[PDB]
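Residue numbers (the authors' numbering), protein chains in the order written: chain C, 810 to 837, 852 to 859; chain B, 560 to 659. Where a beta carbon is used, it is the ideal one built from N, C-alpha and C, also for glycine.
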Ligand SMILES: *[C@@H]1O[C@H](CO)[C@@H](O[C@@H]2O[C@H](CO)[C@@H](O)[C@H](O)[C@H]2NC(C)=O)[C@H](O)[C@H]1NC(C)=O
Ligand SMILES: *[C@@H]1O[C@H](CO)[C@@H](O)[C@H](O)[C@H]1NC(C)=O
């Protein structure tokens, strides 16, 4: 019933880990200065 | 504030300026860039290749192509079906199919 078909524990594990690159959210600053 | 003239990120890169005459605050977005990768079946089979423009939208690539802004001087012919948007980047020169 949940999009991505993760288990409750997998959903927990993904929600606990936080990604916070000092970039910009694109669909594809995130590219920095020649760094992709 | 009336005193600040431009701004910087947490990594001390510039991301905004104040226009010196209108005092409007403008954001500076880097111009699109990325790597280019070439998919080749091998020259002992075919000379057809596909080009992946990594990290960019196919719309941005098509606009840069039309405006003669894209840095490489070669062009890959677009058939409409040859242009497919992936998460990795824009893949030009390969027909996407549903069959896995
Ligand atoms: C000097 O700077 C001032 C503002 O810092 C300019 O004044 C504005 O100019 C725009 C031009 O489109 C007008 O629409 C605004 O109404 C002006 N502001 C005011 C308060 O009148 C001024 O034009 C600049 N000098 C020159 C020669 O351009
Ligand atoms: C590319 O940009 C268009 C709007 O210009 C947007 O609708 C589209 O979703 C973007 N690409 C991706 C992969 O999101």
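- Approximately 13 Å separates the beta-carbon atoms of residue 829(C) and residue 568(B); this is outside 8 Å, ruling out the contact.
- The shortest C-alpha to C-alpha distance from residue 619(B) to any of 605(B), 651(B), 576(B), 597(B) is the one to 651(B).
- Taken atom to atom, the span from the alpha-carbon of residue 588(B) to that of residue 854(C) is near 11 Å.
- Within 7 Å of the C-beta of residue 607(B) there is not a single heavy atom belonging to ligand 2.
- The C-beta of residue 648(B) comes closer than 8 Å to at least one C-beta of chain C.
- In the three-state reduction of the DSSP assignment, residue 643(B) falls in the strand class, which pools E and B.
- Residues of the same chain with a CB within less than 6 Å of the CB of residue 564(B), apart from the 5 flanking positions on each side, are 577 in chain order.
- Residue pairing by DSSP places residue 586(B) opposite 575(B) in a beta bridge.
- Not one heavy atom of ligand 1 lies closer than 7 Å to the C-beta of residue 632(B).
- Of the heavy atoms belonging to ligand 1, at least one sits nearer than 7 Å to the Cβ of residue 581(B).
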